[PDB]
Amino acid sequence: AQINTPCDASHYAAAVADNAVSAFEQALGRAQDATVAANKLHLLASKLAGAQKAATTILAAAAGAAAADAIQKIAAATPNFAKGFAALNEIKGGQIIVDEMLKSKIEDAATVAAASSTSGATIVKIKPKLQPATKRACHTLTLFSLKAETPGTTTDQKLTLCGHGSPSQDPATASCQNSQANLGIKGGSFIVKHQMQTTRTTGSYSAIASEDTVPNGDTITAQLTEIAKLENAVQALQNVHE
């Protein structure tokens, strides 16, 4: 559970989805094997003779009962399995978006003369910056959320009105000073990464406290309650035996 970034949590959800689909396919394969065994055992028993023909028909009837019971259990487990699978992939996509959103920032503005800062093309604009991944994004459970960064409380601090005694100075390198002769903007990250934990199996998937972040805790909780249905359906699917 080395979940340090939201992409790691999305890949962990991908691994859980892989194990769930593998369990479903194993149950379907056991049902197919029981049905094939029932058909072939019947067809072989038809050409046998005597008490061995009787024993072969008993085995064929047991195989057909096993096939019917397995298909019944799989059809019973299908709905909650699909529900939790859908909610799990929703959490995975939401973690993809929150991971690619963490690299957003407010670009720093170069200092300009104070007379040419509240008007004209030289206005000290606040410029958003989005940073999409270079190609393919994202390429005791832990999840993540987007929090608003708190702005700084002094001169040389993030998301503040930078001041300089000379114009054309970059906040990213030169430090800010208590001056109104030239005005600029010291930016910073627009969103910070908030951790969330949801420790899990009596017989239930924790409860993440609701916050003021995106996603809010109510949404993550509503998705976790369906993921619990998925894991219960997986425990039901594995319990079939052939």
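Don't overthink the numbering: it's just position in the shown sequence, from 1.
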For the step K125 to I126, what size class fits the number of deposited residues with no coordinates, none, 1 to 3, 4 to 9, or 10 or more?
none
Per the record, the count of deposited residues between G203 and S204 that have no coordinates is 1 to 3
Averaging the C-alpha B factors as listed in the entry, name the stretch that ends up higher: 76-84 or 168-176.
168-176
Residue range whose averaged C-alpha B-factor is higher in the record, 16-24 or 229-237:
229-237
Highest-ranked of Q95, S119, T160, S104 once sorted by CA temperature factor in the record:
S119
Per the PDB entry, maximal CA B factor within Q32, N39, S210, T57:
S210
On the chain's distribution of Cα B-factors, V192 falls within the third called middle
Binned into thirds over the chain's modelled residues, the C-alpha B-factor of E100 lands in the middle
How does the C-alpha B factor of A62 compare with the rest of the chain: lowest, middle or highest third?
lowest
Going by the recorded CA B-factors, say which third of the chain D108 sits in, lowest, middle or highest.
middle
Among modelled residues of the same chain, the CA temperature factor third for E90
lowest
